[PDB]
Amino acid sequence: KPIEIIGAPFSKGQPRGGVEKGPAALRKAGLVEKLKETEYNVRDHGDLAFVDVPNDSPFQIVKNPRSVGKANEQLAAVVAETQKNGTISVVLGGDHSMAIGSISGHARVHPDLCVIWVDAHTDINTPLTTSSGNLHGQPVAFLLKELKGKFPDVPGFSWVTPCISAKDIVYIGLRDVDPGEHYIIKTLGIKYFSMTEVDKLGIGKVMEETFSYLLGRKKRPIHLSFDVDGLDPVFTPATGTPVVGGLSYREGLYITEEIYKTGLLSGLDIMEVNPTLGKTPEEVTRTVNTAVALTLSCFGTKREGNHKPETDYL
């Protein structure tokens, strides 16, 4: 199988500068090289260049709507293209708003996919529910069919077509949810596993359950959208929205490994890694390193070890 890395150095989705540098940091950490060492064929598609929409006025509260919509429209395009060719897309990005694009494009080629969202937040605020004007917190809203029309059209997202329904997505790691967001997910009956459920069940049962839930009937393509703030700050401190009591490094890797074992990994998102937000270089090295780890995990690397087939090491 083939892998196509795609940088998405974007940051207008939120108010803290730095996330754009994410892809650079990950690459610098030897993501590509390491990935190549896997049983997969890899090709770096470089970092997309986002044209900045001059005079991007704040749609009501939402900020930089046109910049975000265009950047995403450009991504969904690049993504759909590679998916078409039958290669696994890996978007290294800035903020989580780019998920809109990454997923829209993926849906185009595999309209039946499901989405596994590991984040500490739901990012399902509609332009009508956000406190901030931050789009990195509304991604899911632009992708859910059930939310269609539930909020004004947005300057630049005209091109988006609610691809998945609330029955095809599953959260994991929720711990900081806005009232509006809770309302929604409860109303649309969206499956989820907040840290309280992870606590109760254990990452073991969690994955077991999300898999039956999303792949019980039909076996569809999987889209792993990983918000790095999904892990506890102690592992991925360099992020914009650190929230305590999150997923442990192990839990993070257990997830990525099980998804590997399904063999249904079609698309992947590694978002929110902000190099500039580390209090000590260590914090940044740490954040990045596990990001890479989660990635390699997705593509094979087991914690029990791996050996090349047909080779008698003895």
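When you see a residue number, it is the position in the sequence shown, counting from 1.
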### Stretch with the greater mean C-alpha B-factor as recorded in the entry, comparing 225-233 against 174-182
174-182
### Query
Which is higher on average in the deposited entry, the C-alpha temperature factors of 191-199 or of 126-134?
126-134
### Options 247, 273, 259, 42 - largest CA temperature factor per the record
42
### Query
Among 56, 269, 283, 251, which carries the highest Cα B-factor?
56
### Task
Looking at the entry's B-factor column for C-alpha atoms only, identify whether residue 139 ranks in the lowest, middle or highest third of its chain.
middle
### Query
How does residue 207 rank on Cα B-factor within its chain, lowest, middle or highest third?
middle
### Query
Should residue 240 be placed in the lowest, middle or highest third of its chain by the C-alpha B factor in the entry?
lowest
### residue 306 CA temperature factor, ranked by third within the chain
highest
### Message
Looking at the temperature factor on the CA atom of residue 117, which third of the chain's modelled residues does it land in?
### Response
lowest
